[PDB]
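Q: Pasting a structure below so you can have a look.
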Number of protein chains: 4
Amino acid sequence: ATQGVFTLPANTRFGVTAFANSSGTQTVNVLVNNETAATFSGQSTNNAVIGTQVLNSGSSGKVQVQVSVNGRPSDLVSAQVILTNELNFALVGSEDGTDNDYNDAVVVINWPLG
Amino acid sequence: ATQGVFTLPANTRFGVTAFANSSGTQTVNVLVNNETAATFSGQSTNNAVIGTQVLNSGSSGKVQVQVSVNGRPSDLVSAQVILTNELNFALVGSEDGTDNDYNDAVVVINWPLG
Amino acid sequence: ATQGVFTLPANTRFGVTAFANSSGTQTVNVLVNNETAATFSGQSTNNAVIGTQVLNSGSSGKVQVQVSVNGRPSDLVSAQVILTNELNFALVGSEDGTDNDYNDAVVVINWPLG
Amino acid sequence: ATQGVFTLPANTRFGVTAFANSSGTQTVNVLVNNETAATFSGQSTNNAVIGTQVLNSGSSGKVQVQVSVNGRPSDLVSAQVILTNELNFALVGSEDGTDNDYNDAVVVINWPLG
DNA sequence: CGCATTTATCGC
DNA sequence: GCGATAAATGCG
DNA sequence: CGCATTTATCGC
DNA sequence: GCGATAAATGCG
DNA sequence: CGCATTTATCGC
DNA sequence: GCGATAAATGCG
DNA sequence: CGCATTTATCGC
DNA sequence: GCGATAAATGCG
Ligand SMILES: *O[P@@](*)(=O*)O(*)[C][C][C]1O[C]([C])[C]([O])[C]([O])[C]1[O]
Ligand SMILES: *O[P@@](*)(=O*)O(*)[C][C][C]1O[C]([C])[C]([O])[C]([O])[C]1[O]
Ligand SMILES: *O[P@@](*)(=O*)O(*)[C][C][C]1O[C]([C])[C]([O])[C]([O])[C]1[O]
Ligand SMILES: *O[P@@](*)(=O*)O(*)[C][C][C]1O[C]([C])[C]([O])[C]([O])[C]1[O]
Ligand SMILES: [Ca+2]
Ligand SMILES: [Ca+2]
Ligand SMILES: [Ca+2]
Ligand SMILES: [Ca+2]
Ligand SMILES: [Ca+2]
Ligand SMILES: [Ca+2]
Ligand SMILES: [Ca+2]
Ligand SMILES: [Ca+2]
Ligand code: NA
Ligand code: NA
Ligand code: NA
Ligand code: NA
């Protein structure tokens, strides 16, 4: 199924964060309404932050995360969690290799902010 | 109920990350087996990373997250999510004020690494 | 923090389901906009369904779940999960005793329907 | 990625529940260690329970859920959630059609029991 | 015509 | 913890 | 004034 | 897999 | 050799 | 809320 | 006595 | 994508 696509409230400030756990060079791309809004690129095998950002839903709220590595797009896993019906997490994993750990690029979206 | 306490596999490398969304000065404390293992302190209202870290479960796996602010401990919300039965997230929110947004200190644990 | 309270889209059909895992007699109560909409009562220690139902968000969407047992309200744990940004789960646990398993009354809300 | 596969503690009692939200006739199949352990079959478009069951992890814990409809296997979405580090949910959605609601067969595993 | 007027939410 | 902000009728 | 008119979503 | 449904101007 | 002996967890 | 249950040395 | 010996997992 | 790693009997 379609992974890494989330609908958050229209025109809402949120935070994006990505980590790396692979020898491959992660090209994390964050779209908003099918528009590129941010691009993190880095390499790590020790869960290093390759990018943080504050963005805006726009006035759809269609945030999507794509993860390419060296050109080859990765396969994605995603979910959204809400605590106390206020604090939201949007979680994205990704696999570039074959050992199925899906941590090569870990993306964490969260909102509300402030 | 008890929040911010997680049991991850014995002796396993994981990553801890904290953000701030409050005028209050977040004192994030990360215990392992009731031992302090890491202490992040910072202030932000723009979801800034106040700390990243690679730690070890030890040989219980009892990771706990506590969040004090200016002395006053915050109330916590927590959950653990697993994708494709391999990639784990342990999420912690916290409230220091009264507006119940619970984003003042957002803590994100993830594993496996590498 | 406040548990067992969820905001789902205005005027939306969803399903409620409750289970029992305690010698105590679970009085599961499902409010909508602070109005009682359904009341399941039963007893089991073998995860028996004590009630299923199709309800409507109304035109707020404030669905709340309360769990009393023999009069004494239980302490609640809750979260909401979304898969493929379409299929929603709202999960509620509850504790009437002291052994902290929180399965005495397990409540599962899901939507969309059809 | 691989969906509908969960690893729960060895030799542990849990509950399986399935719902239906499609004109298609859902053949929910629940394997344990790649052994069929339970088979629910039913039809509904009003979120009807097509099966409940108490099973055992066995001594691997590899519980898998497969969903065929009229022969054609469905595409799956899955996740596991844990509250207060005690109460576990394993959630499975599935799509037999093309409208991508993924509620046609909703499967809910939960543990511990008692 | 467009543009000010009239307590829950967002932003530093 | 604070203050600035924003479907109908009236008006420039 | 209220009430029909004009492709994405919900319901059996 | 199918069909019925629903911010502005026009009208009864 | 196999089989009883010696406080956290599971089952009705 | 209750009680029955289960890595080493000793033994039948 | 302790210490090497004998394909799924973790670490850079 | 790679290689180093780790319940019983044997032995120093
Ligand atoms: O696909 P191949 O060139 O390899 C890379 C594997 C990659 O890095 C290693 C360290 C591991 O973490 C794996 O999960 C990644 O996919
Ligand atoms: O409790 P009081 O001194 O205030 C602080 C509120 C705090 O900061 C603001 C910006 C808001 O984000 C709120 O959520 C925090 O609790
Ligand atoms: O609080 P006390 O009268 O007891 C009841 C415990 C109750 O039932 C048992 C079976 C157990 O499952 C526990 O979790 C429940 O709280
Ligand atoms: O695939 P086609 O024969 O159709 C069936 C659609 C099916 O039922 C309807 C009611 C809807 O709920 C859809 O989600 C299901 O896939
Ligand atoms: Ca990988
Ligand atoms: Ca990896
Ligand atoms: Ca706050
Ligand atoms: Ca805040
Ligand atoms: Ca209990
Ligand atoms: Ca119980
Ligand atoms: Ca469908
Ligand atoms: Ca359906
Ligand atoms: Na006033
Ligand atoms: Na037409
Ligand atoms: Na004794
Ligand atoms: Na060999």
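Letters A, B, ... mark the chains of the structure tokens in the order given; residue numbers begin at 1 per chain; ligand numbers begin at 1, in order shown.
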Give me, as a Markdown table, each residue of chain B that comes within 8 Å of ligand 2, together with its shortest interatomic pair and the distance in Å at one decimal, counting only C-alpha atoms and all ligand atoms, with rows ordered by chain and rising residue number.
A:
```
| residue | atom | partner | partner_atom_place_in_ligand_line | distance |
| --- | --- | --- | --- | --- |
| B:21 | CA | ligand 2 | 12 (O) | 5.5 |
| B:22 | CA | ligand 2 | 8 (O) | 3.8 |
| B:23 | CA | ligand 2 | 8 (O) | 4.5 |
| B:24 | CA | ligand 2 | 7 (C) | 6.0 |
| B:45 | CA | ligand 2 | 10 (C) | 6.3 |
| B:95 | CA | ligand 2 | 16 (O) | 6.1 |
| B:96 | CA | ligand 2 | 16 (O) | 4.9 |
| B:97 | CA | ligand 2 | 16 (O) | 3.6 |
| B:98 | CA | ligand 2 | 1 (O) | 6.1 |
| B:99 | CA | ligand 2 | 14 (O) | 5.6 |
| B:100 | CA | ligand 2 | 14 (O) | 6.7 |
| B:101 | CA | ligand 2 | 14 (O) | 5.6 |
| B:102 | CA | ligand 2 | 14 (O) | 6.7 |
| B:103 | CA | ligand 2 | 14 (O) | 6.8 |
| B:104 | CA | ligand 2 | 15 (C) | 5.8 |
```
Q: May I have the selected residues written with N, CA, C and O atoms, as a PDB file, in the first residue's frame?
A:
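And here's result_10.pdb as it stands now:
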```pdb
ATOM      1  N   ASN B  21       9.335  22.693  22.745  1.00  0.00           N
ATOM      2  CA  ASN B  21       8.259  23.543  22.242  1.00  0.00           C
ATOM      3  C   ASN B  21       7.632  24.345  23.373  1.00  0.00           C
ATOM      4  O   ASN B  21       6.413  24.340  23.546  1.00  0.00           O
ATOM      5  N   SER B  22       8.471  25.027  24.145  1.00  0.00           N
ATOM      6  CA  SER B  22       8.005  25.763  25.313  1.00  0.00           C
ATOM      7  C   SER B  22       9.022  26.805  25.764  1.00  0.00           C
ATOM      8  O   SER B  22      10.226  26.645  25.555  1.00  0.00           O
ATOM      9  N   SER B  23       8.532  27.874  26.388  1.00  0.00           N
ATOM     10  CA  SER B  23       9.412  28.893  26.952  1.00  0.00           C
ATOM     11  C   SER B  23      10.154  28.334  28.162  1.00  0.00           C
ATOM     12  O   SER B  23      11.203  28.845  28.551  1.00  0.00           O
ATOM     13  N   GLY B  24       9.598  27.280  28.753  1.00  0.00           N
ATOM     14  CA  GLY B  24      10.241  26.591  29.857  1.00  0.00           C
ATOM     15  C   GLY B  24      11.500  25.870  29.415  1.00  0.00           C
ATOM     16  O   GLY B  24      11.623  25.456  28.260  1.00  0.00           O
ATOM     17  N   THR B  45      11.046  27.146  21.210  1.00  0.00           N
ATOM     18  CA  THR B  45       9.627  27.147  20.892  1.00  0.00           C
ATOM     19  C   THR B  45       9.481  26.914  19.398  1.00  0.00           C
ATOM     20  O   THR B  45       8.436  27.188  18.811  1.00  0.00           O
ATOM     21  N   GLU B  95       3.987  17.643  29.324  1.00  0.00           N
ATOM     22  CA  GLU B  95       3.341  18.933  29.541  1.00  0.00           C
ATOM     23  C   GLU B  95       3.859  19.624  30.797  1.00  0.00           C
ATOM     24  O   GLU B  95       3.784  19.070  31.893  1.00  0.00           O
ATOM     25  N   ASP B  96       4.377  20.837  30.634  1.00  0.00           N
ATOM     26  CA  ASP B  96       4.859  21.616  31.770  1.00  0.00           C
ATOM     27  C   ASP B  96       3.872  22.716  32.162  1.00  0.00           C
ATOM     28  O   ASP B  96       3.907  23.223  33.284  1.00  0.00           O
ATOM     29  N   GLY B  97       2.993  23.076  31.230  1.00  0.00           N
ATOM     30  CA  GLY B  97       2.060  24.170  31.435  1.00  0.00           C
ATOM     31  C   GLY B  97       0.633  23.740  31.720  1.00  0.00           C
ATOM     32  O   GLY B  97       0.396  22.855  32.545  1.00  0.00           O
ATOM     33  N   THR B  98      -0.322  24.372  31.040  1.00  0.00           N
ATOM     34  CA  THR B  98      -1.739  24.103  31.276  1.00  0.00           C
ATOM     35  C   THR B  98      -2.588  24.073  30.004  1.00  0.00           C
ATOM     36  O   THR B  98      -3.792  23.821  30.069  1.00  0.00           O
ATOM     37  N   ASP B  99      -1.974  24.329  28.852  1.00  0.00           N
ATOM     38  CA  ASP B  99      -2.731  24.400  27.602  1.00  0.00           C
ATOM     39  C   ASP B  99      -2.862  23.038  26.915  1.00  0.00           C
ATOM     40  O   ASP B  99      -3.447  22.935  25.837  1.00  0.00           O
ATOM     41  N   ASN B 100      -2.311  22.006  27.550  1.00  0.00           N
ATOM     42  CA  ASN B 100      -2.460  20.620  27.107  1.00  0.00           C
ATOM     43  C   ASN B 100      -2.159  20.380  25.628  1.00  0.00           C
ATOM     44  O   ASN B 100      -2.982  19.817  24.907  1.00  0.00           O
ATOM     45  N   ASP B 101      -0.986  20.808  25.175  1.00  0.00           N
ATOM     46  CA  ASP B 101      -0.541  20.478  23.825  1.00  0.00           C
ATOM     47  C   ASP B 101       0.444  19.316  23.882  1.00  0.00           C
ATOM     48  O   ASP B 101       0.575  18.547  22.927  1.00  0.00           O
ATOM     49  N   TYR B 102       1.134  19.211  25.016  1.00  0.00           N
ATOM     50  CA  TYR B 102       2.033  18.099  25.318  1.00  0.00           C
ATOM     51  C   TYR B 102       3.181  17.943  24.325  1.00  0.00           C
ATOM     52  O   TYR B 102       3.623  16.826  24.051  1.00  0.00           O
ATOM     53  N   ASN B 103       3.672  19.065  23.808  1.00  0.00           N
ATOM     54  CA  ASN B 103       4.781  19.053  22.863  1.00  0.00           C
ATOM     55  C   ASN B 103       6.007  19.772  23.418  1.00  0.00           C
ATOM     56  O   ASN B 103       7.049  19.830  22.765  1.00  0.00           O
ATOM     57  N   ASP B 104       5.864  20.315  24.626  1.00  0.00           N
ATOM     58  CA  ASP B 104       6.913  21.089  25.283  1.00  0.00           C
ATOM     59  C   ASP B 104       8.261  20.381  25.242  1.00  0.00           C
ATOM     60  O   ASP B 104       9.292  20.997  24.974  1.00  0.00           O
TER      61      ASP B 104
END
```
Q: Write out as a PyMOL selection string the residues lying within 12 Å of residue F:10, counting only C-alpha atoms (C1' of nucleotides) and excluding same-chain residues fewer than 6 positions away.
A: chain E and resi 3-6
Q: What are the closest atom pairs, with distances in Å to one decimal, for all residues of chain C lying within 9 Å of chain D? Consider only C-alpha atoms, order rows by chain and residue number, and present the result as CSV.
A:
```
residue,atom,partner,partner_atom,distance
C:14,CA,D:47,CA,8.4
C:15,CA,D:47,CA,6.6
C:20,CA,D:114,CA,8.3
C:21,CA,D:114,CA,4.7
C:22,CA,D:114,CA,6.2
C:23,CA,D:114,CA,8.8
C:44,CA,D:114,CA,8.4
C:45,CA,D:114,CA,4.8
C:46,CA,D:114,CA,6.1
C:47,CA,D:15,CA,6.6
C:48,CA,D:52,CA,8.1
C:49,CA,D:52,CA,8.1
C:52,CA,D:48,CA,8.1
C:53,CA,D:47,CA,8.5
C:54,CA,D:46,CA,7.5
C:77,CA,D:83,CA,6.5
C:78,CA,D:83,CA,7.3
C:79,CA,D:83,CA,8.0
C:81,CA,D:81,CA,8.2
C:83,CA,D:77,CA,6.5
C:84,CA,D:77,CA,7.4
C:86,CA,D:101,CA,5.8
C:87,CA,D:102,CA,6.2
C:89,CA,D:91,CA,8.2
C:91,CA,D:89,CA,8.2
C:93,CA,D:87,CA,7.3
C:100,CA,D:86,CA,7.7
C:101,CA,D:86,CA,5.8
C:102,CA,D:87,CA,6.2
C:103,CA,D:87,CA,6.5
C:104,CA,D:114,CA,7.5
C:106,CA,D:110,CA,8.6
C:108,CA,D:108,CA,8.5
C:110,CA,D:106,CA,8.6
C:111,CA,D:103,CA,7.7
C:112,CA,D:103,CA,7.1
C:113,CA,D:21,CA,6.1
C:114,CA,D:21,CA,4.7
```
Q: May I ask for the distance between atom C1' of residue L:2 and atom CA of residue B:55, given in Å to one decimal place?
A: 24.5 Å
Q: Can you pull out the residues contacting residue F:6? Cut-off 12 Å, using only C-alpha atoms (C1' of nucleotides), and skip same-chain residues under 2 positions away; I want them as a PyMOL selection string.
A: (chain E and resi 5-10) or (chain F and resi 4)
Q: Mind giving me the straight-line distance from atom CA of residue D:42 to atom CA of residue D:18 in Å, one decimal?
A: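 Here the two named atoms are 9.5 Å from each other.
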Q: Taking only stretch 2-107 of chain A into account, list the residues labelled strand (DSSP E) by DSSP (computed from the backbone), as a short mmCIF file (atom, residue, chain, number, x, y, z; two decimals) with N, CA, C and O atoms, in the first residue's frame.
A:
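Writing done, so here's out-v2.cif:
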```cif
data_model
loop_
_atom_site.label_atom_id
_atom_site.label_comp_id
_atom_site.auth_asym_id
_atom_site.auth_seq_id
_atom_site.Cartn_x
_atom_site.Cartn_y
_atom_site.Cartn_z
N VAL A 5 2.71 8.94 3.14
CA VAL A 5 1.81 10.04 2.81
C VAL A 5 0.88 10.33 3.98
O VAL A 5 0.18 9.43 4.47
N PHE A 6 0.86 11.58 4.43
CA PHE A 6 0.07 11.96 5.59
C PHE A 6 -0.76 13.22 5.34
O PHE A 6 -0.33 14.12 4.63
N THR A 7 -1.95 13.27 5.94
CA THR A 7 -2.80 14.45 5.85
C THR A 7 -2.92 15.15 7.19
O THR A 7 -3.60 14.68 8.11
N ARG A 13 1.87 24.32 11.28
CA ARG A 13 3.31 24.20 11.42
C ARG A 13 3.69 22.86 12.04
O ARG A 13 3.11 22.44 13.05
N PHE A 14 4.65 22.18 11.43
CA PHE A 14 5.13 20.90 11.93
C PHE A 14 6.64 20.78 11.77
O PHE A 14 7.28 21.61 11.12
N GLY A 15 7.22 19.74 12.37
CA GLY A 15 8.65 19.52 12.32
C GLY A 15 9.01 18.23 11.62
O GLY A 15 8.37 17.20 11.83
N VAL A 16 10.03 18.28 10.78
CA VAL A 16 10.53 17.09 10.09
C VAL A 16 11.93 16.77 10.56
O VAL A 16 12.76 17.66 10.70
N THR A 17 12.20 15.49 10.79
CA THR A 17 13.54 15.06 11.20
C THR A 17 13.89 13.73 10.55
O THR A 17 13.05 12.84 10.46
N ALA A 18 15.13 13.60 10.08
CA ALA A 18 15.57 12.37 9.44
C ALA A 18 16.87 11.85 10.05
O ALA A 18 17.73 12.62 10.48
N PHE A 19 17.00 10.52 10.10
CA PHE A 19 18.22 9.88 10.59
C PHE A 19 18.73 8.94 9.51
O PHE A 19 18.02 8.63 8.56
N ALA A 20 19.97 8.47 9.67
CA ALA A 20 20.55 7.54 8.71
C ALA A 20 21.18 6.33 9.39
O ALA A 20 21.84 6.46 10.42
N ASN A 21 20.95 5.15 8.83
CA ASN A 21 21.49 3.91 9.37
C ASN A 21 21.94 2.98 8.26
O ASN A 21 21.55 1.81 8.22
N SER A 22 22.75 3.50 7.35
CA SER A 22 23.18 2.74 6.18
C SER A 22 24.42 3.34 5.54
O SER A 22 24.65 4.55 5.63
N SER A 23 25.22 2.50 4.89
CA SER A 23 26.39 2.97 4.15
C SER A 23 25.95 3.75 2.92
O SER A 23 26.70 4.56 2.38
N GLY A 24 24.72 3.50 2.48
CA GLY A 24 24.13 4.24 1.37
C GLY A 24 23.88 5.69 1.73
O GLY A 24 23.65 6.03 2.89
N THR A 25 23.92 6.56 0.72
CA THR A 25 23.75 7.98 0.95
C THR A 25 22.29 8.39 0.79
O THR A 25 21.79 8.50 -0.33
N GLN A 26 21.63 8.61 1.91
CA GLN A 26 20.19 8.86 1.94
C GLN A 26 19.81 10.21 1.37
O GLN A 26 20.27 11.25 1.85
N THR A 27 18.97 10.20 0.34
CA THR A 27 18.38 11.43 -0.18
C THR A 27 16.92 11.52 0.25
O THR A 27 16.02 11.08 -0.47
N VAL A 28 16.70 12.06 1.44
CA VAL A 28 15.35 12.24 1.95
C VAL A 28 14.71 13.47 1.32
O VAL A 28 15.27 14.56 1.36
N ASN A 29 13.54 13.28 0.73
CA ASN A 29 12.82 14.38 0.12
C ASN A 29 11.42 14.54 0.71
O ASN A 29 10.66 13.58 0.81
N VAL A 30 11.09 15.76 1.12
CA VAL A 30 9.82 16.04 1.77
C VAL A 30 8.95 16.95 0.91
O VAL A 30 9.24 18.13 0.76
N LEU A 31 7.90 16.37 0.35
CA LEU A 31 6.97 17.13 -0.48
C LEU A 31 5.82 17.68 0.35
O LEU A 31 5.48 17.15 1.40
N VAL A 32 5.23 18.77 -0.14
CA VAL A 32 3.98 19.28 0.41
C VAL A 32 3.06 19.62 -0.76
O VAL A 32 3.39 20.46 -1.58
N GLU A 35 4.69 19.27 -4.16
CA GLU A 35 5.71 20.30 -4.28
C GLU A 35 6.91 19.95 -3.42
O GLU A 35 6.75 19.47 -2.29
N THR A 36 8.17 19.89 -3.85
CA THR A 36 9.29 19.73 -2.93
C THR A 36 9.38 20.91 -1.97
O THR A 36 9.32 22.07 -2.40
N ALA A 37 9.50 20.62 -0.68
CA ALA A 37 9.56 21.66 0.34
C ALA A 37 10.87 21.62 1.12
O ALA A 37 11.28 22.61 1.71
N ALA A 38 11.52 20.46 1.12
CA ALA A 38 12.77 20.27 1.84
C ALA A 38 13.51 19.03 1.36
O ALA A 38 12.90 18.03 1.01
N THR A 39 14.84 19.11 1.34
CA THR A 39 15.65 17.98 0.90
C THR A 39 16.85 17.76 1.81
O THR A 39 17.77 18.56 1.84
N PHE A 40 16.81 16.66 2.56
CA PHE A 40 17.93 16.29 3.42
C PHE A 40 18.79 15.25 2.72
O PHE A 40 18.27 14.28 2.17
N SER A 41 20.10 15.45 2.74
CA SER A 41 21.02 14.46 2.20
C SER A 41 22.20 14.27 3.14
O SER A 41 22.81 15.24 3.57
N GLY A 42 22.50 13.02 3.46
CA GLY A 42 23.58 12.71 4.37
C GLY A 42 23.89 11.23 4.40
O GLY A 42 23.25 10.43 3.72
N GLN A 43 24.88 10.85 5.20
CA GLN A 43 25.26 9.45 5.34
C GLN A 43 25.70 9.15 6.76
O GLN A 43 26.51 9.87 7.34
N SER A 44 25.17 8.06 7.31
CA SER A 44 25.54 7.61 8.64
C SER A 44 25.16 6.16 8.86
O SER A 44 24.28 5.63 8.19
N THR A 45 25.85 5.52 9.80
CA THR A 45 25.46 4.20 10.27
C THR A 45 25.36 4.25 11.79
O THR A 45 25.37 3.23 12.46
N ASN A 46 25.26 5.47 12.31
CA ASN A 46 25.16 5.68 13.75
C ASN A 46 24.02 6.63 14.11
O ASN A 46 24.15 7.44 15.03
N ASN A 47 22.92 6.52 13.37
CA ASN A 47 21.70 7.29 13.61
C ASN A 47 21.95 8.79 13.77
O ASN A 47 21.52 9.41 14.74
N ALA A 48 22.65 9.37 12.80
CA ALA A 48 22.92 10.79 12.84
C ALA A 48 21.79 11.58 12.19
O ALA A 48 21.22 11.15 11.18
N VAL A 49 21.47 12.73 12.76
CA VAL A 49 20.50 13.64 12.17
C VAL A 49 21.04 14.23 10.87
O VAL A 49 22.07 14.90 10.87
N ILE A 50 20.35 13.97 9.77
CA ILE A 50 20.76 14.51 8.48
C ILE A 50 19.91 15.72 8.11
O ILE A 50 20.09 16.30 7.04
N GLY A 51 18.99 16.09 8.99
CA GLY A 51 18.17 17.26 8.74
C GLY A 51 16.99 17.46 9.67
O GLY A 51 16.27 16.52 10.01
N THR A 52 16.80 18.70 10.09
CA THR A 52 15.61 19.11 10.83
C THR A 52 15.01 20.31 10.10
O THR A 52 15.71 21.01 9.38
N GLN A 53 13.71 20.54 10.29
CA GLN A 53 13.04 21.61 9.56
C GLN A 53 11.65 21.91 10.13
O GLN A 53 10.97 21.02 10.63
N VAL A 54 11.25 23.17 10.04
CA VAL A 54 9.88 23.57 10.35
C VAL A 54 9.18 23.99 9.06
O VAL A 54 9.60 24.93 8.40
N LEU A 55 8.12 23.28 8.71
CA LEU A 55 7.40 23.54 7.46
C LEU A 55 5.93 23.86 7.72
O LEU A 55 5.50 23.97 8.87
N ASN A 56 5.17 24.01 6.64
CA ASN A 56 3.75 24.32 6.74
C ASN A 56 2.93 23.40 5.83
O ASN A 56 3.31 23.13 4.70
N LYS A 62 -1.43 17.80 2.51
CA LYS A 62 -0.85 16.59 1.95
C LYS A 62 0.68 16.62 2.04
O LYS A 62 1.35 17.08 1.12
N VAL A 63 1.21 16.16 3.16
CA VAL A 63 2.64 15.98 3.31
C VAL A 63 3.02 14.57 2.89
O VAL A 63 2.40 13.60 3.32
N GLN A 64 4.02 14.46 2.03
CA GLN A 64 4.52 13.17 1.60
C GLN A 64 6.03 13.11 1.79
O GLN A 64 6.72 14.12 1.63
N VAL A 65 6.53 11.94 2.15
CA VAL A 65 7.97 11.75 2.29
C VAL A 65 8.46 10.70 1.31
O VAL A 65 7.94 9.58 1.28
N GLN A 66 9.44 11.07 0.49
CA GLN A 66 10.08 10.13 -0.42
C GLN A 66 11.54 9.93 -0.03
O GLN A 66 12.20 10.86 0.43
N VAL A 67 12.03 8.71 -0.19
CA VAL A 67 13.41 8.40 0.16
C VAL A 67 14.13 7.68 -0.97
O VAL A 67 13.92 6.49 -1.21
N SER A 68 14.97 8.43 -1.68
CA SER A 68 15.84 7.84 -2.69
C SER A 68 17.23 7.64 -2.11
O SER A 68 17.65 8.38 -1.22
N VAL A 69 17.92 6.62 -2.58
CA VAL A 69 19.31 6.39 -2.20
C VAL A 69 20.13 6.06 -3.43
O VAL A 69 19.91 5.03 -4.07
N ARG A 72 18.14 4.94 -6.62
CA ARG A 72 17.13 3.93 -6.32
C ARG A 72 16.22 4.35 -5.17
O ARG A 72 16.69 4.49 -4.03
N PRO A 73 14.93 4.55 -5.45
CA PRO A 73 13.99 4.84 -4.36
C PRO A 73 13.90 3.65 -3.41
O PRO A 73 14.03 2.51 -3.85
N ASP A 75 11.91 1.27 -0.41
CA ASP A 75 10.56 0.86 -0.04
C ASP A 75 10.23 1.43 1.34
O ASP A 75 11.07 1.44 2.23
N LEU A 76 9.00 1.90 1.50
CA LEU A 76 8.64 2.65 2.69
C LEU A 76 7.69 1.92 3.65
O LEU A 76 6.86 1.11 3.24
N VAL A 77 7.84 2.23 4.93
CA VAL A 77 6.86 1.86 5.93
C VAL A 77 6.45 3.12 6.68
O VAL A 77 7.27 3.98 6.95
N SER A 78 5.16 3.24 6.98
CA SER A 78 4.66 4.45 7.60
C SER A 78 3.50 4.20 8.53
O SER A 78 2.83 3.16 8.45
N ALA A 79 3.26 5.16 9.42
CA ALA A 79 2.12 5.14 10.33
C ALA A 79 2.01 6.50 10.99
O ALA A 79 2.97 7.27 11.01
N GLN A 80 0.84 6.80 11.53
CA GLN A 80 0.65 8.02 12.31
C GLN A 80 0.10 7.65 13.68
O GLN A 80 -0.78 6.80 13.80
N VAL A 81 0.63 8.29 14.72
CA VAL A 81 0.18 8.02 16.08
C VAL A 81 -0.22 9.32 16.75
O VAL A 81 0.38 10.36 16.51
N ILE A 82 -1.26 9.27 17.57
CA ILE A 82 -1.72 10.45 18.29
C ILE A 82 -1.87 10.14 19.77
O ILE A 82 -2.45 9.12 20.15
N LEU A 83 -1.34 11.02 20.61
CA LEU A 83 -1.42 10.85 22.05
C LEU A 83 -2.25 11.97 22.67
O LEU A 83 -2.09 13.13 22.30
N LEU A 87 -1.16 15.54 20.52
CA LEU A 87 0.22 15.42 20.06
C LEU A 87 0.41 14.33 18.99
O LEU A 87 0.29 13.14 19.27
N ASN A 88 0.72 14.75 17.77
CA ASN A 88 0.80 13.83 16.63
C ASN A 88 2.22 13.47 16.20
O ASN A 88 3.12 14.31 16.18
N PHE A 89 2.41 12.20 15.86
CA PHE A 89 3.65 11.72 15.27
C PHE A 89 3.34 11.09 13.92
O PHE A 89 2.38 10.33 13.80
N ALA A 90 4.15 11.40 12.91
CA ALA A 90 4.07 10.70 11.63
C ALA A 90 5.42 10.05 11.36
O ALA A 90 6.42 10.73 11.17
N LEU A 91 5.44 8.72 11.35
CA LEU A 91 6.69 7.97 11.31
C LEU A 91 6.93 7.29 9.96
O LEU A 91 6.03 6.66 9.42
N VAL A 92 8.14 7.43 9.44
CA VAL A 92 8.50 6.80 8.17
C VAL A 92 9.81 6.02 8.26
O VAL A 92 10.83 6.55 8.69
N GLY A 93 9.77 4.76 7.85
CA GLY A 93 10.98 3.97 7.71
C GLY A 93 11.25 3.77 6.24
O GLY A 93 10.47 4.21 5.40
N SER A 94 12.36 3.10 5.92
CA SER A 94 12.76 2.91 4.53
C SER A 94 13.88 1.88 4.39
O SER A 94 14.76 1.79 5.24
N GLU A 95 13.84 1.12 3.30
CA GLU A 95 14.84 0.09 3.05
C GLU A 95 15.52 0.27 1.69
O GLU A 95 14.85 0.28 0.66
N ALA A 105 16.90 5.01 6.50
CA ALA A 105 16.48 6.39 6.65
C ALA A 105 15.21 6.44 7.50
O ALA A 105 14.13 6.05 7.05
N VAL A 106 15.35 6.90 8.73
CA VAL A 106 14.23 7.04 9.63
C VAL A 106 13.75 8.49 9.65
O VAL A 106 14.50 9.39 10.03
N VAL A 107 12.50 8.71 9.24
CA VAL A 107 11.94 10.05 9.19
C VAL A 107 10.84 10.24 10.24
O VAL A 107 9.93 9.42 10.36
#
```
